[PDB]
Structure formats: C-alpha cells, structure tokens
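Inspection log for the structure reproduced underneath, given as structure tokens.
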Amino acid sequence: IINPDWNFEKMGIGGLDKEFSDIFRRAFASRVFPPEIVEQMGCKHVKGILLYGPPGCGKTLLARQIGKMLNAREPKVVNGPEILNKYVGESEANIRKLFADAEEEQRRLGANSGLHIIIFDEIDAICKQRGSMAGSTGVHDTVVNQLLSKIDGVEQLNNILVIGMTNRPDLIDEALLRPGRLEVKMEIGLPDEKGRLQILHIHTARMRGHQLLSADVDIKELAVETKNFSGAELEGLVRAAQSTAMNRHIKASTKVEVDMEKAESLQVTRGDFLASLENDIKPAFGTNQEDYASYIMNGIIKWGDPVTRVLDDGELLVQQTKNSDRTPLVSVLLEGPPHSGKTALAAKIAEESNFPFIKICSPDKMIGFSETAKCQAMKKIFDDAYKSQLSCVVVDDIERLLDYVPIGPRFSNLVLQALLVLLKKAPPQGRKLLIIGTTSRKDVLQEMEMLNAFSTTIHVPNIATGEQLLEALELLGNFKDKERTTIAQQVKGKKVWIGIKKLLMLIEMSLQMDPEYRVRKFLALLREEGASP
Amino acid sequence: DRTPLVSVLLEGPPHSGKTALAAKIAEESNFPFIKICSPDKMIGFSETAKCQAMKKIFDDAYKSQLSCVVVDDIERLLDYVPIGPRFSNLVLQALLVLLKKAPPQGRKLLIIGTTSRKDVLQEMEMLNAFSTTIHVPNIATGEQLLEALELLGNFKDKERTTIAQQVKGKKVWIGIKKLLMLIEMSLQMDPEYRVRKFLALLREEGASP
Ligand SMILES: Nc1ncnc2c1ncn2[C@@H]1O[C@H](COP(=O)(O)OP(=O)(O)OP(=O)(O)O)[C@@H](O)[C@H]1O
Ligand SMILES: Nc1ncnc2c1ncn2[C@@H]1O[C@H](COP(=O)(O)OP(=O)(O)OP(=O)(O)O)[C@@H](O)[C@H]1O
Ligand SMILES: Nc1ncnc2c1ncn2[C@@H]1O[C@H](COP(=O)(O)OP(=O)(O)O)[C@@H](O)[C@H]1O
C-alpha cells in the first residue's frame, strides 16, 4: 500500500510538528504494519478525522498531502453550501452520489480494493443538532439522516476514509462524533516564531536556488517583525516584495541608464521586503493602523495634570494585565461629562499599549441592525480576540449600544445580558485580555447593576480655570499676544467649565468674521454657553 | 428510598466564591454522572433555545443510576434587571416544573443551585421548591484577614507586622475574590510604596454590612 517515494521534508508543511506526529501515530498506524500481524490482531481501521481552527492556516494542504502519502485515488473535494437544493429529494441525491465508486468496487474486487478519500468543506453548514420536540424538527433533518446512514450503515465498507474541516466545532451533531464515525480531532492554530521561520524558508528556497536573493536579506528579522501573520499571508508578502522589485527595475531602466547587466544585478531584493510589509499586507488577527486616524483626529495636546494622571493609570493597568497570572482578565471604565474627549484617550492608551491584537467595537457600523445581529457581531469580535497570547478590545458609547432613551425608560435586554455575560468569561488557558469602556451617564449604568462588573473607574475632567484655557489656546496657536492679553483681562475670573470639543467648534465658528470683530464674537459665545454645572 | 430527589441552594453576597464551592462539593461525591449548566454557553439565545438546552441536559441525566446536576447563576438565566422589572417567564416556568419531577423508578438525582439575590428569588415563590439553603459568608475580622494573607503567601514578615497594627482596630467586609484582585493590583508599585497602596485600597473598599 505504501512505497518509499515519500519523505516528510519534501511535503512542504511548516509549523505542524505535533498535529502530524499524533495523527500519524493514531489514525495511520495500522496502514503500514505488515498485513499478517494486523490480520492476526483483527482490528478495524479508522474511518475519518475532523480538523478545526482559524481560516487560512493550512488545513486543505494537509488533507491533500495525506491523500498523496497513502497512495489513495483522487479526492472528491466538496463544498458544504453547494449541496443544498430547493426540491423535495435533491439534496440527499447529491449526498448519495459521493459514495458510489467505493460501493461499486467493494462488491467486485473483494477485499483487495484501493483507498478512496472524500473531503468535506464547511461540514457544519449541513449537519446541525436535530430537534427533539414533536413538531420542532428543523428544515435539514433529512440531510443529516442520509449522511449518518451512509457513513456507517448495515452494509459494511472497509475501503474509505472521510475528512471533515470546520471553523465552529460546537454546532456539529453528537451522533456524528462517536468512535466509529469521525472520531479523531485536531486543532490548527496560528503559527509561532519557529513556525513562521519554517514557512519563510520553504517559500524562499526557490529564490535561493535560482540565485535571486540579496546578501543582506535576514530571515530572523522577518520572522520577528510579523507577529500574528497567518500562513497564507507570508507567501503574499514574499510575492508582493518580488513584484515591487520587478516594477522598480522596469521603471528605473526606462527613466534610468542602469544597463542590462546592472539591471540583472539590481534584480536582487533587500528593502522591497520591508516596504511591502509596511504598506502591502493587512493581517486579520493583528494591529490595525488605519483606524487611529478616524478616532484621533487632532491628536492629544496637554493642558493640565489630569491628562498625565489618566495616561499613567492606563499604563499601570497595561503592566498588570501583562505580568500577573492570578488575574488574566481585567476591565476598566472611563466616564465623564459630555464633549470631554474620552474615546481619544481610550484609543491613545490602546495604541501605546504595544499589544499584538487590537480591535475597536463601535456603533458606527451598526445602523439599522436588529438586536440579534448586534449580539452576533459582538460575539464574533470577542471570539476572534480569544485566539492570541495577548489582546485588547475597546467598547465605545455603551449607552448608544443599548438603545437608551430617557422617556420610558426604553432599552434592549438581549444586548445588556450578552454584555454582562461577556465581562466575566475567562479566555482559554494561558492567554490574557483587557477590556475598556467609555460612557457619559454613569448613574444609569449604576441602576442597571452594570457598574460593579468593571474592576476600576477613571474620571476624565473638564477645564476648570482661566489659566488652563489660556494655555490651551496657546497650544492651539490662533490668537496673537495682544488678543490673548485682552482675553486674559476679560476672563481672569476662574469660572470656566467647557469641553475640549465644544471649544474647538467655538474657535472654528468665531473665525468666520472680519479681523475687527473676532474677540467680541468669541467672548459672546463663551458667555452665552454654560458657565457652571 | 422515600426521597429519590433532593435540592439545595447556595446563596450569599457578591464576590464570595459560590461556584467554586459548588464545584468542589460536586467533585468529591464520586457520582458516575456529573454535569454543569452555565449561562456563558448561551450567549444570544432566545427563550426557547434556553428551554431546550436545559431540557436536554436533564433528559441525559435521566439515563444513569446516579446523577448530579449543577445550575449556577440562576438570575442570569432568567434575564433579570431591576428597572421594570423584566425577565423571561417561560424559562422560569420550565425550571419550576423541572425542580420537582422525579426520575424513572430506581434512579436518583441531586440539583445544586447558586445565586447572589435571594430576596428576588423569594418574590417569585421559588424558595418553596428548594428543599434547603446554605449560607456562604465573607471575611468579617482582622484575624481571618491575616490568616488569608498568610495562606496566600504574598507579604513578608515585617510588612505583616505593619499591617497588623492598622487593621485589628476595626472590622472588615471584603469578599475573597476581590481580595485577590486587590493583592494583585497593589504589587505593581515600587518596593517602598506597596503597603500604603494596599491599605488605601482596603479602606476605600470596606463598607458597612
Ligand atoms: N487632551 C485631549 N483629550 C482628548 N481629546 C483631545 C485632546 N486634545 C485634543 N483632542 C481632540 O478632541 C477630540 C476628542 O473628541 P471625542 O470624539 O473623543 O469626544 P467625546 O468626549 O468622546 O465625545 P462625545 O460627547 O460624543 O461622547 C479629538 O479630535 C481629539 O483629537
Ligand atoms: N475558600 C475559597 N472559597 C471560594 N473560592 C476560593 C477560596 N479560596 C480561593 N478561592 C478562589 O476564589 C475565586 C472565587 O471566584 P468565584 O468565581 O468562585 O466567585 P463567585 O462567588 O461565583 O462570584 P460572583 O459573585 O461574581 O458570581 C476562585 O478562583 C476560587 O478558586
Ligand atoms: N504550514 C504551512 N506551510 C506552508 N504553507 C502554508 C501552511 N499553511 C498555509 N500555507 C499556505 O496557505 C495556502 C493555502 O491555504 P489554504 O489551503 O487556503 O488554507 P485553508 O484550507 O485553511 O483555507 C498555500 O499557498 C500555502 O503556502
């Protein structure tokens, strides 16, 4: 059945060094031992396995490599969603056509037939727990029955192997995972350092063989820089780097006098890697640098001590979350008066944290959604956050997320309960998390018994003295010395209570008049606005 | 043999360690069948899905000659919120019907509860179903606090002596999990300023019963 034309090195899989050893020991330890002993023991072969993990980490590759290694026939790749049909009896026919060749060859060549391999993709899109209550049957009760009957029925097949692949392993039936049916489970996770080195070596072997690499390309660096890259986004990086190198070469010669031999020598690639890494690849489980422009519009500018106090508190919380081991889950709430700029400080803490995973959950992308969809979105974000050795998630404008309105009061309970349950669920073993929240109405949250779930509170104050306002104006740099002195004389009284956002709006508005009438309008607007709580 | 079904409720204040004690009582019983029905595996479910999940767990429990089922965080299952009040009637009725349904002949069961709000559960006429209740208290003395500090093994001798003087002359109403949180949050300062921060946090947290 097996021939010596297979070696592990030639396969080309890097990072799965246990997910293969254990599989080989368990599933395929009876397909290689001499037939005499196996027959004497009288043991049946395993009839399939299940692979789960994030998307794009090398599961299909492993299935095809197993198929080639076992000297099987051509696998019948299938797609889960493309089996269903709207007529009465068409889905079951599609599920039944796959098991035809094995049945035909089992009754003709006796017990000396080949090995047929069947591959399912997204196996959980068809098989879901079957209802129990009378009249509570689902719409896909018939597909599951057909699949169960075919895999292990009254007529025995001993020349088949079934591989299933899925991402959500908690929705599959429970009679489809017992010893005899799919009975071996393995997990394919994100690669680690020594798993991101092997992939790069495998992918640059070709360039090294054909003598295209430069003399300064260091692979330890490239292994270190990419932190949460999945296996499918390193080949993209390599190819993008080579493509930009070629583009540079071509456009150079046309507007350069390099020379043909000079161009060939220039074909080497050293910094294209760095440039492409910077501005070509966007990971799916990594920090995003494109959002901090949307939430930090005018940057953080100091106008007092409270800014420093808040930032230091955030730093201490980050340190605690990183180092301690008795408490792997931490939380904190930022609350203050409206227009005080809380989201900006939350984003600043998150971005200065230096964590591999950073994400922001906000209602800006949830216009028109029904509560159930909002629950699904929140759960998806947290599920993606549970797949890293460090992380941090920010929840914005909790009151807007609950659909609150003072009349009534009226709000939604499903979202509140989901949120109150997701603040106390610890991650898998050995991983850490950090959750930040922002709100303006703390008392309403206090009534909802949602304020003691968080582990700490931080106050974001408001401008409260004239000198602070003058210093903020100086930092902004709009009004000249004489105008500043006039304002200082006018507003020397320390009775100012204004938000840093309303102040920017006021300054922008007041600059729409002639130079003569500038200070008067600004002072009139400031006086008209509230002067105390 | 007269009573093939029993129930019990563990209740106390928040942050006191009810789930841990329920799990430890369940683990040391050597029952062939043990299971836990928690609400963190039911995020986003509607009423009927929760009913079906509970019913399935009990149906499975009814097929062993001995059993033990744990139902924790009862108030999160009912979706309770003081404003209103609001909650789910269907789940409440399902639970109240399942609490007093004997298994087939010859088989035995045991149900353990958990909750931090006993009065609310009493308003709905639910403490009538449970056979009896147990009380889990907090730390309510300086001596017990010192014993807990010694057993956790964090602060050294001299710092222990410093803590002793400022604590024995008052009372304390801190839970046990919150104590771990405070100890962890204090150790992030420089060697000199650890005891001061711990005392400040403890004084802030402490409140009358
Ligand atoms: N020291 C500062 N702190 C916060 N924001 C600042 C500071 N200096 C400048 N800003 C700018 O102020 C704006 C902060 O607005 P932001 O959206 O954070 O307000 P908010 O308090 O969250 O709003 P809302 O009233 O809608 O809740 C951003 O443009 C930020 O760049
Ligand atoms: N003697 C003890 N009793 C209970 N828990 C203890 C004890 N010693 C240490 N612990 C630990 O304290 C923590 C108690 O947290 P736990 O989840 O049990 O609290 P809880 O009562 O369920 O809280 P909540 O009020 O939030 O529902 C667990 O880590 C438990 O291991
Ligand atoms: N362990 C690995 N070693 C080498 N390449 C990998 C590995 N995992 C994933 N890849 C890359 O991923 C690509 C295909 O992945 P794919 O089969 O789509 O993953 P999945 O089946 O999980 O969607 C290939 O081009 C391959 O280079």
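For B:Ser208 and A:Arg326, what does the FRET efficiency come to when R0 = 25 Å and r is the distance between their Cβ atoms, rounded to the nearest 0.05? Please list the in-between numbers first.
On the way: r = 28 Å, r/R0 = 1.13.
E between B:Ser208 and A:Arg326, to the nearest 0.05, is 0.30.
Take the Cα radius of gyration of the range A:48-92 and divide it by 2.2 N^0.38 Å, with N its residue count; two decimals is plenty.
On the way: Rg = 14.3 Å, N = 45, 2.2 N^0.38 = 9.3 Å.
Ratio of Cα Rg to 2.2 N^0.38 Å: 1.53.
In Å and whole numbers, how far do the C-alpha atoms of the range A:298-404 stretch along each principal axis, longest first?
Sorted largest first, the three principal extents are 42, 37, 23 Å.
At what distance in angstrom do the alpha carbon centres of the range B:61-105 and the range A:69-129 lie from each other?
The range B:61-105 and the range A:69-129 have Cα centres separated by 42 Å.
For helix A:371-385, what angle does its Cα long axis make with the longest principal axis of chain A, in degrees from 0 to 90 and rounded to 10?
80 degrees
Are there GluC sites (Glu not before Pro) in the range B:19-119 that DSSP puts in a loop and that have at most 15 other Cβ atoms within 10 Å, and which ones?
On the way: sites: B:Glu27, B:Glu28, B:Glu47, B:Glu75; in loops: B:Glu28.
Loop-located and lightly packed - B:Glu28.
Subtract the Cα-Cα distance of A:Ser253 and A:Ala111 from 0.36 nm times their separation in residues, and report this length gain in nm to one decimal. Walk me through the numbers before you get to the answer.
On the way: separation 142, 0.36 × 142 = 51.12 nm, distance 6.65 nm.
Full-extension gain reported as 44.5 nm.
With everything on Cα atoms, drop me the angle between helix B:47-61 and the longest principal axis of chain B, reported from 0 to 90° to the nearest 10.
Once rounded, one gets 80 degrees.
Divide by every residue of chain A the summed helix terms, -39500 (n - 2.57) for each DSSP H run of at least 4, and state the resulting mean residue ellipticity at 222 nm, rounded to the nearest 500 deg cm²/dmol.
The helix contribution divided over chain A gives -12000 deg cm²/dmol.
Just the number, please: Stokes-Einstein D of the range A:213-358 in µm²/s, Kirkwood Rh from C-alpha pairs, 37 °C, 0.692 mPa s.
Working: Rh = 19.2 Å.
It diffuses with D of about 171 µm²/s by this estimate.
In whole Å, what is the distance between the alpha-carbon centres of the range A:462-496 and the range A:1-42?
After rounding, the separation between the Cα centres reads 78 Å.
Could I get the Rg over Rh figure for the range A:369-445? Both from C-alpha atoms, Rh via Kirkwood, rounded to two places. Each step should come with its number before you reach the end.
Details: Rg = 13.8 Å, Rh = 13.7 Å.
Taking Rg over the Kirkwood Rh, I get 1.00.
Could you derive backbone 3J(HN,Hα) for the range A:161-166 from the dihedral phi with the Karplus parameters 6.51, -1.76 and 1.60 (θ = phi - 60°), listing whole Hz in sequence and x where the residue is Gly or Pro?
Computed from phi, the couplings for the range A:161-166 are 7, 10, 10, x, 9, 7 Hz.
Which residue, B:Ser16, B:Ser38, B:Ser29, has the most motion in a Gaussian network model of chain B that connects Cα atoms within less than 10 Å?
Evaluated over chain B, the most mobile residue of the options is B:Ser29.
Sort out for me the Cα centre separation of the range A:279-305 from the range A:345-382, rounded to whole Å.
So the two Cα centres are separated by 14 Å.
Per residue, what volume in Å³ does the Cα convex hull of the range B:86-209 take up?
Details: hull volume 22.6 nm³, N = 124.
Residue-normalised Cα hull volume stands at 182 Å³.
Of all the C-alpha pairs in the protein assembly as shown, what % are more than 36 Å from each other? Let's see the in-between values first.
Details: 169852 of 274911 pairs.
Tail of P(r) above 36 Å: 62 percent of Cα pairs.
Beyond 19 Å, what percent of the Cα pairs of the range A:1-134 remain? Don't jump to the answer; show the numbers that get you there.
Working: 5634 of 8911 pairs.
So the portion of pairs separated by more than 19 Å is 63 percent.
For the range A:65-139, which chymotrypsin sites (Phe, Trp or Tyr not before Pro) pass both filters: DSSP loop (anything but H, G, I, E, B) and at most 14 other C-beta atoms within 10 Å?
Values: sites: A:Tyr87, A:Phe99, A:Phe120; in loops: A:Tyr87, A:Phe99.
The qualifying sites are A:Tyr87.
Are there GluC sites (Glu not before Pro) in the range A:69-166 that DSSP marks as loop and that have at most 15 other Cβ atoms within 10 Å, and which are they?
Values: sites: A:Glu82, A:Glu90, A:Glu92, A:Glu103, A:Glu104, A:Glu105, A:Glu122, A:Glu155; in loops: A:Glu90, A:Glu122, A:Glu155.
Loop-located and lightly packed - A:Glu90, A:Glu155.
Going out from 0 in 5 Å bins, what whole percent of all Cα-Cα distances in the range B:1-80 drops into each bin?
With 5 Å bins starting at 0, P(r) equals 3, 11, 22, 23, 20, 14, 5, 1, 0.
Using a 10 Å cut-off around each Cβ, can you sort A:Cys392, A:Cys361 from fewest to most neighbouring Cβ atoms? Don't skip to the end; give the middle numbers.
Numbers: A:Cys392 24, A:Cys361 17.
In order of increasing Cβ crowding within 10 Å: A:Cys361, A:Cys392.
Give me Rg/Rg_expected for the range A:283-328, where Rg uses Cα atoms only and Rg_expected = 2.2 N^0.38 Å with N residues.
Values: Rg = 14.8 Å, N = 46, 2.2 N^0.38 = 9.4 Å.
Rounded to two decimals, the normalised Rg is 1.57.
Using every pair of alpha-carbon atoms in the range A:385-498, split the distances into 10 Å bins beginning at 0 and state the percent of pairs per bin, rounded to integers.
Per 10 Å bin, starting at 0, the Cα pair percentages come out as 10, 29, 20, 19, 17, 5, 0.
Go ahead and collect, in residue order, the members of the range B:183-209 whose backbone nitrogen is under 19 Å from a label point 7 Å along the Cα-Cβ direction of B:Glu159.
B:183-205
Return B:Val71, B:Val8 ranked ascending by Cβ neighbour count within 10 Å, so the fewest neighbours appear first.
Values: B:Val71 23, B:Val8 15.
With the sparsest Cβ surroundings first, the list reads B:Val8, B:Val71.
What net charge do the residues around A:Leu525 carry, taking every other residue with its C-beta under 14 Å from that of A:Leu525, with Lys and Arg at +1 and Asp and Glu at -1?
Working: positive: A:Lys502, A:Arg518, A:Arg520, A:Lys521, A:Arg527; negative: A:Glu508, A:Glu528, A:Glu529.
Result for the neighbourhood of A:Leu525: +2.
Laboratory data are not the source of any read-out in this text; all were calculated from the coordinates shown. Counting neighbours? That spans all protein chains shown, and the Cβs are built from the backbone with ideal geometry, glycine included.
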